[PDB]
Amino acid sequence: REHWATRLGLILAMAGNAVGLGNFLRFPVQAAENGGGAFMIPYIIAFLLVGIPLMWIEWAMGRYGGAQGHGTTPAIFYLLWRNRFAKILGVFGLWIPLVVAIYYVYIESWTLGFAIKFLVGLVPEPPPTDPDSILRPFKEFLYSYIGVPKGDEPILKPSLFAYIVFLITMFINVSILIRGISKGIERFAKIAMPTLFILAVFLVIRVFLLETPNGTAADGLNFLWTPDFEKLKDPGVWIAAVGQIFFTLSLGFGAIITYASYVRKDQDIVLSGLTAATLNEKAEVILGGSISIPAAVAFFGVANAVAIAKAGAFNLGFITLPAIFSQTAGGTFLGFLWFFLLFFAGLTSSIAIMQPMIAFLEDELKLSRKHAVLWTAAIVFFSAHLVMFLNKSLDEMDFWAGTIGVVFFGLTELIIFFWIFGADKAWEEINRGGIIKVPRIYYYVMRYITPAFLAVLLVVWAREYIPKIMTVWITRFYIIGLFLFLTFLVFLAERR
Ligand code: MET
Ligand code: NA
Ligand code: NA
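Here the sequence shown stands for residues 5 to 132, 135 to 476, 482 to 507, where the numbers follow PDB author numbering.
Rendered as structure tokens:
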């Protein structure tokens with residue numbers, strides 16, 4: 005079985021798995037929509053009670069399975085719980101990263117295409135002192151690239167350039183993935199993560215220098231770090247906080263498990279997972295939180311920044327921030343750096359979510375690495391046409407697979423590992439070979455606090471939020492077919 009070549013490379017590949025678009029696009033939106041600093045008290049709490057324990061649990065399950073040649077949750081759930089229903093529940097660990105990949109690589113292609121056009125200077129030229139006169143050209147720029155209808159008709163018409171960039175992005179993902187774990191993902195992570203850090207630091211420094219008559223970036227930093235204890239009672243704040251922790255840490259996507267399956271049987275996983283989780287949080291709260299919101303607040307004020315963030319997740323990243331840059335010296339090249347930062351973040355994360363499907367085809371169906379990568383590329387590329395041309399299909403996939411799915415699967419893996427497989431056996435497997443050992447209190451957090459926390463979250467989410475959500484049926488129909496297809500592939504694997 006393949007294994008990570010170096011200790012540093014494993015850490016940077018796991019950091020590249022965690023540090024993604026969610027750090028710079030989803031997190032600023034989630035923070036601004038939920039009270040700014042009010043979002044930060046539950047966030048930190050969730051990171052301590054859910055993020056860190058589930059990270060260690062997914063690392064342990066990955067390495068345990070990889071020691072037996074299984075990097076995917078169907079086989080791993082069966083090894084932890086010899087039952088056919090465990091294999092069915094494992095199918096979710098292939099279904100989530102596939103559906104997430106279908107729209108995540110497409111969003112990644114957006115960043116690459118915007119990076120290209122901004123580098124070449126093919127950007128709108130707003131008239132040099136109206137907020138709408140500056141925002142509207144970039145709103146049309148994004149709407150033309152993805153093909154947003156001027157009305158609400160549910161058909162999208164992406165530009166030919168966007169489609170070509172999507173093919174190029176799929177090609178780039180394949181070129182990295184086809185070279186394996188050590189010579190592909192690891193070697194590229196060693197390059198992308200320093201590039202990602204440097205770009206983020208330069209953007210943070212440049213944003214800190216922004217001052218307009220409406221405020222400064224310091225006001226955005228204040229808003230982000232001003233506590234609001236009156237929101238701690240709101241369940242919606244905790245739902246967003248835990249969902250953001252799940253998303254940003256790649257928990258419940260099956261990616262951490264698959265990556266950890268290439269960690270050697272005796273190599274450390276406690277400090278490694280802790281370092282990767284800490285690197286992700288530094289990138290998120292320090293770097294991600296200091297670019298979008300501070301620049302937005304500096305130009306528009308705290309009032310309009312929150313309103314723009316409420317306009318959607320893409321508005322802050324693809325319309326507002328490029329427009330704000332368009333009013334500063336050289337801001338087009340600054341916008342290029344922003345989208346290039348986003349692209350490397352998306353790329354290091356997209357290779358991670360597509361590795362589970364690759365690992366299943368390699369481990370269980372005995373396909374070659376080339377054919378596993380190429381067939382995974384085919385399934386993702388083909389299925390992506392649904393997201394490309396059917397309006398609001400991307401949102402439905404992110405809800406079922408990337409939002410409810412990850413929390414349900416996180417509770418599922420925790421219960422299989424710490425309740426069915428054995429709390430003491432799981433604790434021994436987590437701490438085995440660790441350069442440091444997990445604090446004793448976390449044993450009770452993993453056994454009682456985390457599953458009770460996640461169970462209450464899911465119950466609240468089901469009773470209070472999902473009935474309202476219940482052409483979206485086309486997307487539901489298709490992703491159900493994807494689950495049946497993976498179920499059939501699991502059936503073929505066990506029959507072999
Ligand atoms: C594509 S891996 C899941 C998302 C990733 N953790 C992010 O923060 O963007
Ligand atoms: Na992240
Ligand atoms: Na990434």
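Note that the Cβ used here is the ideal one computed from N, Cα and C, for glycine as well.
Taking all protein chains shown into account, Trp433 has 16 or more neighbouring C-beta atoms within 10 Å of its C-beta and is therefore buried.
Relative to the Cα of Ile80, the nearest Cα in the group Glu419, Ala36 and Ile441 belongs to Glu419. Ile359 and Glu505 have their C-alpha atoms spaced approximately 23 Å apart. The residue among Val501, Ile364 and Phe494 with its C-alpha nearest the C-alpha of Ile182 is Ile364. Collapsing the DSSP output to three states places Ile359 in a helix. The three-state secondary structure of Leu53, taken from DSSP, is helix.
Contact check for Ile262 against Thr77 fails: the beta carbons are separated by 8 Å or more. Contact check for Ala105 against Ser356 passes: the beta carbons are separated by less than 8 Å. Counting along the chain, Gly94 sits inside the alpha helix (DSSP H) bounded by residues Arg88 to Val124. In this structure, DSSP gives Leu216 a state outside helix and strand, which the three-state scheme calls coil. Comparing alpha-carbon positions, the option among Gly260, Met199 and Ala335 lying closest to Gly352 turns out to be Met199. Taking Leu463 as the centre and dropping the five residues before and after it, the same chain places the C-beta of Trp244, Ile245, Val248 and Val413 closer than 8 Å to its C-beta, in chain order. The three-state reading of DSSP puts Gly221 in strand, counting E and B together.
Judged by the Cβ position, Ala22 qualifies as a neighbour of ligand 2 at the 7 Å threshold, a heavy atom of the ligand being closer than this. With fewer than three CB-CB distances shorter than 8 Å, the region 371-378 does not count as touching the region 87-98. Judged by DSSP secondary structure, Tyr449 falls within the alpha helix (DSSP H) whose first and last residues are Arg446 to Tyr450. Shown here, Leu343 sits in a helix according to DSSP, grouped into three states.
Exclusion of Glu62 from the 7 Å shell around ligand 2 follows from its C-beta lying no nearer than that to any non-hydrogen atom of the ligand. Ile161 is bridged by DSSP to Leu396.
For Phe423, the closest alpha carbon among the candidates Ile442, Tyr454, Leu400 and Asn228 is that of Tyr454.
Taking every protein chain shown into account, the CB of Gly408 has 16 or more other CB atoms within 10 angstroms, so this residue is buried.
Per DSSP, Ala35 is one residue of the alpha helix (DSSP H) stretching across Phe31 to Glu37.
Selection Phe31, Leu495, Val33 and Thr486 evaluated against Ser389 yields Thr486 as nearest (Cα-Cα).
Taking 7 Å as the cut-off, the C-beta of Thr175 does not count as close to any heavy atom of ligand 2. For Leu52 and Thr284, the gap between their C-alpha atoms comes out near 11 Å. DSSP, reduced to helix, strand and coil, places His391 within a helical segment of the structure shown. Of all C-beta pairs linking the region 317-334 to the region 138-150, three or more are shorter than 8 Å, placing the two stretches in contact.
Contact check for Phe494 and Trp99: beta-carbon distance about 5 Å, within the 8 Å limit, so the pair qualifies. Going by beta carbons, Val23 and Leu202 fall inside the 8 Å limit. The DSSP-derived three-state label of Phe427 is coil. Following the DSSP letters along the chain, one finds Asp138 inside the alpha helix (DSSP H) bounded by residues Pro137 to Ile152.
Relative to the non-hydrogen atoms of ligand 2, the Cβ of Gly26 comes within a distance shorter than 7 Å of at least one.
Annotation: the continuous alpha helix (DSSP H) that includes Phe415 extends over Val412 to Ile421. Pairing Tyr265 with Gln333 gives a Cβ-Cβ distance that is not under 8 Å. Considering only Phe387, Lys145, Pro155 and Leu141, the residue with the shortest C-alpha distance to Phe177 is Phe387.
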